[PDB]
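Below: one structure, written as structure tokens.
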Amino acid sequence: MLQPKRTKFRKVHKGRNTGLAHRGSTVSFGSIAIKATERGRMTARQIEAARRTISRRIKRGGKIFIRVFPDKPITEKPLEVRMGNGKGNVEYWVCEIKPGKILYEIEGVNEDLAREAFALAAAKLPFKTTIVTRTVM
Amino acid sequence: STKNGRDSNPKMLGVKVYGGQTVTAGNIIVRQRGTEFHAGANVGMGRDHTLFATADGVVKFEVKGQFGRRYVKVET
Amino acid sequence: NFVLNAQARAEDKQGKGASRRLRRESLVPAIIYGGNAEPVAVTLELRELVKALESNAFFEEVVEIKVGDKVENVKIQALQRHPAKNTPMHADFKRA
Amino acid sequence: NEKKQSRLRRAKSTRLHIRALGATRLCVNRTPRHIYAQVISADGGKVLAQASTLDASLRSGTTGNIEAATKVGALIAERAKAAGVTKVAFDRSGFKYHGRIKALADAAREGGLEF
Amino acid sequence: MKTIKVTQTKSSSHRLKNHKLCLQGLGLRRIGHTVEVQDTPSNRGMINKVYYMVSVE
RNA sequence: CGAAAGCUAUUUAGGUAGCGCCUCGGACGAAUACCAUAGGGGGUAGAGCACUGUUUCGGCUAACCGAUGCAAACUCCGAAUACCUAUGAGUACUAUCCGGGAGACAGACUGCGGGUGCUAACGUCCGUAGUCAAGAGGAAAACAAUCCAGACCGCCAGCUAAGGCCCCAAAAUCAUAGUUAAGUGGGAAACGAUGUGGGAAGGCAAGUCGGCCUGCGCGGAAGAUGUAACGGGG
RNA sequence: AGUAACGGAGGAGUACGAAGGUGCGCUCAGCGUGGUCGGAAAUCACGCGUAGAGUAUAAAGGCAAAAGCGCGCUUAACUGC
RNA sequence: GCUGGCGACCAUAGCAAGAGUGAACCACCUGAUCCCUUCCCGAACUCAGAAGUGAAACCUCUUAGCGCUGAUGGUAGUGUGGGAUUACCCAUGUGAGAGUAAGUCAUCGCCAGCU
Ligand SMILES: C[NH+](C)c1cc(NC(=O)CNC(C)(C)C)c(O)c2c1C[C@H]1C[C@H]3[C@H]([NH+](C)C)C(O)=C(C(N)=O)C(=O)[C@@]3(O)C(O)=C1C2=O
Ligand SMILES: C[NH+](C)c1cc(NC(=O)CNC(C)(C)C)c(O)c2c1C[C@H]1C[C@H]3[C@H]([NH+](C)C)C(O)=C(C(N)=O)C(=O)[C@@]3(O)C(O)=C1C2=O
Ligand SMILES: C[NH+](C)c1cc(NC(=O)CNC(C)(C)C)c(O)c2c1C[C@H]1C[C@H]3[C@H]([NH+](C)C)C(O)=C(C(N)=O)C(=O)[C@@]3(O)C(O)=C1C2=O
Ligand SMILES: [Mg+2]
Ligand SMILES: [Mg+2]
Ligand SMILES: [Mg+2]
Ligand SMILES: [Mg+2]
Ligand SMILES: [Mg+2]
Ligand SMILES: [Mg+2]
Ligand SMILES: [Mg+2]
Ligand SMILES: [Mg+2]
Ligand SMILES: [Mg+2]
Ligand SMILES: [Mg+2]
Ligand SMILES: [Mg+2]
Ligand SMILES: [Mg+2]
Ligand SMILES: [Mg+2]
Ligand SMILES: [Mg+2]
Ligand SMILES: [Mg+2]
Ligand SMILES: [Mg+2]
Ligand SMILES: [Mg+2]
Ligand SMILES: [Mg+2]
Ligand SMILES: [Mg+2]
Ligand SMILES: [Mg+2]
């Protein structure tokens, strides 16, 4: 599962996930893409699982472009500790997902096999997704 | 136990007199760490880069020079 | 050949709220500029435009807009799509 | 280029200080062939007086040495007193103060200019 | 000069401090109270701040 | 008339003291506030990748280049508000200053912006506004902190707010046009499905096929005294 | 402006008679190309050079009139304010 | 019409690429005896000059290739009121950044000299 090789800071504020994804919202690396129409978090484990189910299905024909990278560390308190005593320990990494974000792109595969692969990947993710095609403006 | 609990007292820096206000000689205009504002006419600078009015007049901020510096000056 | 039928979009139909009202009544704001005339703001019908958008000649041809007894020979310059739902939000047209 | 560029870098400090003092400036320029002096206002835009080795009184002779500089200094002192300019700040403009510049400045001090 | 009628239609009790000050500076005392003010930009600003609890002729 | 549960310090933390907030007396009276206009400085929201980091693909012999993301402790940018000053209209015993007397320094909830926590808690800690505290009345069945509204006393007078108008229980078994068949309304997810209404297209030709976008519904849906997840009847 | 938590990160309890004053002068870091060892990275020369170097010391804000780097003379690291 | 100096203004003014200027001026230039310089060096600074050359440099022209400027429209955000609670929606006010069309190979002042 993906992870930054290094970061400036270990722990990070929680923040608010708000707004739409106007940046990573266009098919730019391949011909078909899966796009999140709902908001949430995407752990690195989910990214690995969805990539595995897509790649095993399309059977190595065509390239897969992972367009999300998990760069936000998430902490957790150990079990049976009270509420003070500093911030919890890093457990896993997530990517914040705004509606409109491209998650995976497939290049070099026909539409039906890629749509099968994307349907298989959607059942591994915690938000609703859609299948979008590359257009010209 | 973690190792983060420290901070320093506030320093109360910033612009004290805004553009258009009247000043007398000796009135402090800007408390700043470096020179984010530079002294123009009728404005002096203290050892800690404090900008103060050396004359009566009204305060006026500008952007001048080829380095695009922010200048405070006092109009007499 | 493509022909789009438009209406004039005066101010009081411009800005955030009026644009959202337009898009609720199945309309698209658009703008026409280029040449030496001034920009003209127009309202297009969403179904007409999303049908023209399906074709590829629509992006390589000179299309025509009719604001009402006025021809306008333009080329599509920029599209703005809603990020989540792919519906077009606004269109740019360059006089041709 | 490099020489003029470095010399203007050398002049900037005195020029900015003279502007901050709000003083009438006696700016001098020196070329291998001529010498020039200008009495300039505190705002830096108006030339209150001037003198050079191009004056129909020094040109016909020889220019670019210490004697011509002394003559220019006397002439600029006179012309500056004629225009009611007494207290000035000397701007050597990145030139060393010794030499032809010093001859001009001494002739200007003896001419009546106060600095 | 060119007066207008302003009536208070809702309560001013739990509003923002400056909205209550706009009502007090217009001269309005209670719900249903009506005042006659000069039509000026200085008064139109106070009326526009509190458009939601006031009715204008 | 009318607070506060704040700040600073404290062998201090449930005490106390100065300041903040209340009241009384005196002085002085628009100096004050609200709004308009004018003049200012921001580095937040958003955005962006110019720096610091981080990140995907491709080219090139690692640097660079093209494309492509991200950031509390990144910034080439950059609001709304807020804050400061001047001038002005109108409306308000406003603002200052000098004295007497205090109380208070356990706060709570709701919204909005955050840290922490499990983007848990009627959790905790800040900022900001309102309410309670110290505030009754009407609504939310009941229900400090929600919504409407600020109770001087009296009246078998009228108009309204929130919220309501079949009966308990005051007022429409009111009107027009649609939708639902689930008592949905009147508790819940991923996901599943020729439910049913509407819209824009498309293919094939007695109409048929399957793709979308939507309105309202269905399943998913198991708990302990008794229906018991419309207050009830219905 | 201020603003809390057993919130997230780091420093201090010094140094310096010059590393203070002043006048005068100077401009880095990195790249390329050449050159005795010598070599990616020392010193020399030449071209660029986008501020990316430096700052007694942590970070931030500054820094070309450089606030960075040298040389001469000095004691204003003065007293009353 | 050209140079010189000092300013205003700080890229719509800049880079990159071409091109031209020696009457005067400016630059390079000749030599250092003298005044001054070099942690070595007349490179720089300084002085005494005028045999050359516009080569370099400066300056002036030309060019949108890159920079820089930059609308209109839309979008994001947001004050107030209201409605919902995963961050939206509605009314009203405000309104970016990015990107697009387009614009840019500066404008102005005081003084002196030469044509
Ligand atoms: C107006 N701009 C275009 C300009 C003009 C001149 N020229 C003059 O004033 C004198 N010569 C002229 C009048 C042009 C004939 C200029 O001389 C300059 C500049 C620009 C500045 C910019 C500087 C900038 N920083 C230090 C504020 C900067 O960061 C850079 C850079 N490349 O990054 C600079 O180059 C800059 O330092 C600089 O050198 C400028 C000028 O010298
Ligand atoms: C040191 N100064 C003389 C300078 C010179 C040049 N250019 C050169 O050295 C010219 N290069 C040659 C040798 C001629 C090839 C320079 O190019 C620069 C600068 C200054 C810096 C200043 C920077 C500054 N901050 C970041 C330290 C800053 O805040 C500004 C600003 N305007 O606010 C800058 O402009 C700055 O970032 C900057 O760009 C500089 C230069 O570019
Ligand atoms: C316009 N300014 C902001 C500017 C920008 C750039 N561009 C960059 O450095 C771009 N670099 C990136 C890629 C953005 C990092 C620039 O590169 C420059 C300059 C300034 C010029 C000024 C030139 C000037 N002219 C008259 C020759 C000049 O005389 C001086 C001077 N007297 O100092 C210069 O510095 C100048 O030659 C120069 O170097 C400039 C730039 O290089
Ligand atoms: Mg700066
Ligand atoms: Mg709105
Ligand atoms: Mg210096
Ligand atoms: Mg009372
Ligand atoms: Mg009193
Ligand atoms: Mg942000
Ligand atoms: Mg206490
Ligand atoms: Mg307490
Ligand atoms: Mg509290
Ligand atoms: Mg609590
Ligand atoms: Mg109590
Ligand atoms: Mg009550
Ligand atoms: Mg009640
Ligand atoms: Mg009740
Ligand atoms: Mg009634
Ligand atoms: Mg009844
Ligand atoms: Mg009926
Ligand atoms: Mg720069
Ligand atoms: Mg706009
Ligand atoms: Mg813009």
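In the structure tokens, each chain is lettered A, B, ... as it comes, each chain's residues begin at 1, and ligands are numbered from 1 in order of appearance.
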Query - Protein and nucleic acid residues within 9 Å of ligand 22 (only C-alpha atoms (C1' of nucleotides) and all ligand atoms) as a list in words - result: residues 15 of chain C; 72, 73, 74, 75, 95 and 96 of chain H
Export of the given selection (N, CA, C and O atoms (P, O5', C5', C4', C3', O3' and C1' of nucleotides)) as a PDB file, in the first residue's frame:
```
ATOM      1  N   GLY C  15     -24.569  36.816 -12.975  1.00  0.00           N
ATOM      2  CA  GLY C  15     -24.212  36.620 -11.585  1.00  0.00           C
ATOM      3  C   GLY C  15     -24.526  35.208 -11.128  1.00  0.00           C
ATOM      4  O   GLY C  15     -25.051  34.382 -11.874  1.00  0.00           O
TER       5      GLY C  15
ATOM      6  P     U H  72     -14.129  42.216 -16.474  1.00  0.00           P
ATOM      7  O5'   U H  72     -15.165  41.594 -17.504  1.00  0.00           O
ATOM      8  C5'   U H  72     -15.741  42.385 -18.528  1.00  0.00           C
ATOM      9  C4'   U H  72     -16.455  41.528 -19.531  1.00  0.00           C
ATOM     10  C3'   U H  72     -17.304  40.412 -18.954  1.00  0.00           C
ATOM     11  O3'   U H  72     -18.556  40.857 -18.471  1.00  0.00           O
ATOM     12  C1'   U H  72     -16.009  39.570 -20.729  1.00  0.00           C
ATOM     13  P     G H  73     -19.116  40.334 -17.062  1.00  0.00           P
ATOM     14  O5'   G H  73     -19.461  38.807 -17.328  1.00  0.00           O
ATOM     15  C5'   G H  73     -20.398  38.437 -18.322  1.00  0.00           C
ATOM     16  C4'   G H  73     -20.229  37.004 -18.732  1.00  0.00           C
ATOM     17  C3'   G H  73     -20.289  35.973 -17.625  1.00  0.00           C
ATOM     18  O3'   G H  73     -21.601  35.703 -17.173  1.00  0.00           O
ATOM     19  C1'   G H  73     -18.476  35.486 -19.031  1.00  0.00           C
ATOM     20  P     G H  74     -21.917  35.616 -15.601  1.00  0.00           P
ATOM     21  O5'   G H  74     -21.483  34.143 -15.199  1.00  0.00           O
ATOM     22  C5'   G H  74     -21.963  33.023 -15.918  1.00  0.00           C
ATOM     23  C4'   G H  74     -21.036  31.839 -15.803  1.00  0.00           C
ATOM     24  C3'   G H  74     -20.673  31.377 -14.409  1.00  0.00           C
ATOM     25  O3'   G H  74     -21.694  30.638 -13.768  1.00  0.00           O
ATOM     26  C1'   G H  74     -18.737  31.429 -15.728  1.00  0.00           C
ATOM     27  P     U H  75     -21.892  30.753 -12.186  1.00  0.00           P
ATOM     28  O5'   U H  75     -20.694  29.908 -11.585  1.00  0.00           O
ATOM     29  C5'   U H  75     -20.483  28.560 -11.960  1.00  0.00           C
ATOM     30  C4'   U H  75     -19.106  28.098 -11.564  1.00  0.00           C
ATOM     31  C3'   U H  75     -18.781  28.191 -10.090  1.00  0.00           C
ATOM     32  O3'   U H  75     -19.333  27.139  -9.331  1.00  0.00           O
ATOM     33  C1'   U H  75     -16.993  29.079 -11.328  1.00  0.00           C
ATOM     34  P     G H  95     -17.911  43.220  -6.150  1.00  0.00           P
ATOM     35  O5'   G H  95     -17.114  41.854  -6.323  1.00  0.00           O
ATOM     36  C5'   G H  95     -16.013  41.530  -5.492  1.00  0.00           C
ATOM     37  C4'   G H  95     -15.737  40.050  -5.505  1.00  0.00           C
ATOM     38  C3'   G H  95     -15.467  39.426  -6.861  1.00  0.00           C
ATOM     39  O3'   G H  95     -14.141  39.633  -7.309  1.00  0.00           O
ATOM     40  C1'   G H  95     -17.011  38.096  -5.692  1.00  0.00           C
ATOM     41  P     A H  96     -13.854  40.142  -8.800  1.00  0.00           P
ATOM     42  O5'   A H  96     -12.595  39.295  -9.263  1.00  0.00           O
ATOM     43  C5'   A H  96     -12.587  37.884  -9.154  1.00  0.00           C
ATOM     44  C4'   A H  96     -11.779  37.422  -7.968  1.00  0.00           C
ATOM     45  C3'   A H  96     -10.455  36.756  -8.292  1.00  0.00           C
ATOM     46  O3'   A H  96      -9.415  37.704  -8.449  1.00  0.00           O
ATOM     47  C1'   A H  96     -11.660  35.440  -6.733  1.00  0.00           C
TER      48        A H  96
END
```
Report task. Using only C-alpha atoms, determine which residues of chain D fall within 12 Å of chain B; present them as a PyMOL selection string. Result -> chain D and resi 16+19-22+43
Requested in this report: Compile the residues of chain D that lie within 10 Å of chain G, evaluated using only C-alpha atoms (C1' of nucleotides), and express the compilation as a list in words.
Outcome: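 Within 10 Å of chain G on chain D, we get residues 9, 10, 11, 12, 13, 14, 15, 16, 17 and 96 of chain D.
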Step by step, measure atom-to-atom distances between ligand 8 and each residue using only C-alpha atoms (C1' of nucleotides) and all ligand atoms, keep those at most 10 Å, then write them as a PDB file with C-alpha atoms (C1' of nucleotides), in the first residue's frame.
```pdb
ATOM      1  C1'   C F  24     -25.140  55.197  43.451  1.00  0.00           C
ATOM      2  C1'   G F  25     -23.219  60.450  43.698  1.00  0.00           C
ATOM      3  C1'   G F  26     -20.775  64.357  41.253  1.00  0.00           C
ATOM      4  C1'   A F  27     -18.549  66.798  36.931  1.00  0.00           C
ATOM      5  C1'   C F  93     -29.011  60.418  28.224  1.00  0.00           C
TER       6        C F  93
END
```
Query - Nearby polymer residues, ligand 9, at most 8 Å, only C-alpha atoms (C1' of nucleotides) and all ligand atoms, as a list in words - result: residues 45, 46 and 47 of chain F
Okay, now the selection with N, CA, C and O atoms (P, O5', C5', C4', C3', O3' and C1' of nucleotides), as a PDB file, in the first residue's frame?
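Listing of out.pdb after writing:
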```pdb
ATOM      1  P     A F  45      -7.240  28.969   5.065  1.00  0.00           P
ATOM      2  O5'   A F  45      -8.644  29.200   4.364  1.00  0.00           O
ATOM      3  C5'   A F  45      -9.856  28.933   5.044  1.00  0.00           C
ATOM      4  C4'   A F  45     -11.044  29.328   4.212  1.00  0.00           C
ATOM      5  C3'   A F  45     -11.080  28.800   2.791  1.00  0.00           C
ATOM      6  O3'   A F  45     -11.555  27.476   2.722  1.00  0.00           O
ATOM      7  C1'   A F  45     -11.630  31.090   2.797  1.00  0.00           C
ATOM      8  P     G F  46     -10.797  26.369   1.857  1.00  0.00           P
ATOM      9  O5'   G F  46     -10.934  26.852   0.348  1.00  0.00           O
ATOM     10  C5'   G F  46     -12.192  27.019  -0.285  1.00  0.00           C
ATOM     11  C4'   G F  46     -12.087  27.933  -1.481  1.00  0.00           C
ATOM     12  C3'   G F  46     -11.066  27.550  -2.538  1.00  0.00           C
ATOM     13  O3'   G F  46     -11.533  26.551  -3.426  1.00  0.00           O
ATOM     14  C1'   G F  46     -10.817  29.830  -2.025  1.00  0.00           C
ATOM     15  P     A F  47     -10.541  25.450  -4.042  1.00  0.00           P
ATOM     16  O5'   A F  47      -9.471  26.280  -4.872  1.00  0.00           O
ATOM     17  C5'   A F  47      -9.810  26.944  -6.080  1.00  0.00           C
ATOM     18  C4'   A F  47      -8.735  27.919  -6.473  1.00  0.00           C
ATOM     19  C3'   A F  47      -7.417  27.305  -6.912  1.00  0.00           C
ATOM     20  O3'   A F  47      -7.429  26.973  -8.286  1.00  0.00           O
ATOM     21  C1'   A F  47      -7.008  29.005  -5.327  1.00  0.00           C
TER      22        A F  47
END
```
Query - Neighbourhood of ligand 3 at 9 Å, counting only C-alpha atoms (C1' of nucleotides) and all ligand atoms, reported as a ChimeraX atom specification - result: /D:1,5 /F:50 /G:50 /H:10-11,13-15,67-68
Mind dumping the selected residues with N, CA, C and O atoms (P, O5', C5', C4', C3', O3' and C1' of nucleotides) as a PDB file, in the first residue's frame?
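That gives us part16.pdb:
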```
ATOM      1  N   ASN D   1      30.489  49.295 -19.023  1.00  0.00           N
ATOM      2  CA  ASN D   1      29.389  48.495 -18.500  1.00  0.00           C
ATOM      3  C   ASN D   1      29.703  48.039 -17.093  1.00  0.00           C
ATOM      4  O   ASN D   1      29.175  48.575 -16.126  1.00  0.00           O
ATOM      5  N   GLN D   5      28.635  50.071 -14.085  1.00  0.00           N
ATOM      6  CA  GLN D   5      27.672  49.317 -13.242  1.00  0.00           C
ATOM      7  C   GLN D   5      28.174  49.291 -11.796  1.00  0.00           C
ATOM      8  O   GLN D   5      27.361  49.530 -10.888  1.00  0.00           O
TER       9      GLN D   5
ATOM     10  P     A F  50       5.465  26.133 -11.076  1.00  0.00           P
ATOM     11  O5'   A F  50       6.129  27.428 -10.429  1.00  0.00           O
ATOM     12  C5'   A F  50       7.260  28.073 -11.004  1.00  0.00           C
ATOM     13  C4'   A F  50       7.803  29.117 -10.063  1.00  0.00           C
ATOM     14  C3'   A F  50       8.070  28.610  -8.650  1.00  0.00           C
ATOM     15  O3'   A F  50       9.411  28.176  -8.503  1.00  0.00           O
ATOM     16  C1'   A F  50       6.628  30.493  -8.561  1.00  0.00           C
TER      17        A F  50
ATOM     18  P     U G  50      19.784  35.491 -12.956  1.00  0.00           P
ATOM     19  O5'   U G  50      18.674  35.355 -11.824  1.00  0.00           O
ATOM     20  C5'   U G  50      17.309  35.748 -12.051  1.00  0.00           C
ATOM     21  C4'   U G  50      16.364  34.738 -11.447  1.00  0.00           C
ATOM     22  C3'   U G  50      16.834  34.078 -10.156  1.00  0.00           C
ATOM     23  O3'   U G  50      15.705  33.548  -9.479  1.00  0.00           O
ATOM     24  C1'   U G  50      16.602  32.434 -11.789  1.00  0.00           C
TER      25        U G  50
ATOM     26  P     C H  10       5.346  52.760 -10.259  1.00  0.00           P
ATOM     27  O5'   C H  10       5.728  51.640 -11.322  1.00  0.00           O
ATOM     28  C5'   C H  10       5.978  50.286 -10.934  1.00  0.00           C
ATOM     29  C4'   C H  10       7.017  49.689 -11.845  1.00  0.00           C
ATOM     30  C3'   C H  10       7.705  48.442 -11.299  1.00  0.00           C
ATOM     31  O3'   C H  10       7.888  47.458 -12.306  1.00  0.00           O
ATOM     32  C1'   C H  10       9.317  50.097 -11.803  1.00  0.00           C
ATOM     33  P     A H  11       6.735  46.410 -12.615  1.00  0.00           P
ATOM     34  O5'   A H  11       6.531  46.583 -14.182  1.00  0.00           O
ATOM     35  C5'   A H  11       7.517  47.259 -14.973  1.00  0.00           C
ATOM     36  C4'   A H  11       7.645  46.575 -16.307  1.00  0.00           C
ATOM     37  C3'   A H  11       6.481  45.674 -16.690  1.00  0.00           C
ATOM     38  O3'   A H  11       5.348  46.398 -17.160  1.00  0.00           O
ATOM     39  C1'   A H  11       8.501  44.541 -17.098  1.00  0.00           C
ATOM     40  P     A H  13       6.527  45.624 -22.162  1.00  0.00           P
ATOM     41  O5'   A H  13       7.603  46.717 -21.744  1.00  0.00           O
ATOM     42  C5'   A H  13       8.486  47.309 -22.707  1.00  0.00           C
ATOM     43  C4'   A H  13       9.524  48.141 -21.997  1.00  0.00           C
ATOM     44  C3'   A H  13      10.385  47.386 -20.986  1.00  0.00           C
ATOM     45  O3'   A H  13      11.683  47.959 -20.937  1.00  0.00           O
ATOM     46  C1'   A H  13       9.231  49.107 -19.882  1.00  0.00           C
ATOM     47  P     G H  14      12.859  47.358 -21.827  1.00  0.00           P
ATOM     48  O5'   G H  14      13.267  46.032 -21.055  1.00  0.00           O
ATOM     49  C5'   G H  14      13.139  45.928 -19.630  1.00  0.00           C
ATOM     50  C4'   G H  14      13.199  44.481 -19.223  1.00  0.00           C
ATOM     51  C3'   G H  14      13.984  43.585 -20.160  1.00  0.00           C
ATOM     52  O3'   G H  14      15.367  43.667 -19.866  1.00  0.00           O
ATOM     53  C1'   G H  14      11.932  42.554 -19.617  1.00  0.00           C
ATOM     54  P     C H  15      16.418  42.999 -20.841  1.00  0.00           P
ATOM     55  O5'   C H  15      16.514  41.514 -20.282  1.00  0.00           O
ATOM     56  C5'   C H  15      17.307  40.530 -20.961  1.00  0.00           C
ATOM     57  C4'   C H  15      16.553  39.231 -21.119  1.00  0.00           C
ATOM     58  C3'   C H  15      16.893  38.462 -22.382  1.00  0.00           C
ATOM     59  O3'   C H  15      18.067  37.695 -22.155  1.00  0.00           O
ATOM     60  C1'   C H  15      14.536  38.526 -22.082  1.00  0.00           C
ATOM     61  P     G H  67       5.773  32.004 -21.389  1.00  0.00           P
ATOM     62  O5'   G H  67       6.771  32.658 -20.339  1.00  0.00           O
ATOM     63  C5'   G H  67       6.312  33.597 -19.388  1.00  0.00           C
ATOM     64  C4'   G H  67       7.322  34.687 -19.156  1.00  0.00           C
ATOM     65  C3'   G H  67       6.761  35.954 -18.541  1.00  0.00           C
ATOM     66  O3'   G H  67       6.636  35.859 -17.136  1.00  0.00           O
ATOM     67  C1'   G H  67       8.089  36.516 -20.404  1.00  0.00           C
ATOM     68  P     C H  68       5.187  35.757 -16.457  1.00  0.00           P
ATOM     69  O5'   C H  68       4.757  37.271 -16.253  1.00  0.00           O
ATOM     70  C5'   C H  68       5.693  38.246 -15.830  1.00  0.00           C
ATOM     71  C4'   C H  68       5.350  39.605 -16.375  1.00  0.00           C
ATOM     72  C3'   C H  68       3.883  39.985 -16.348  1.00  0.00           C
ATOM     73  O3'   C H  68       3.441  40.414 -15.076  1.00  0.00           O
ATOM     74  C1'   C H  68       4.793  40.534 -18.448  1.00  0.00           C
TER      75        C H  68
END
```
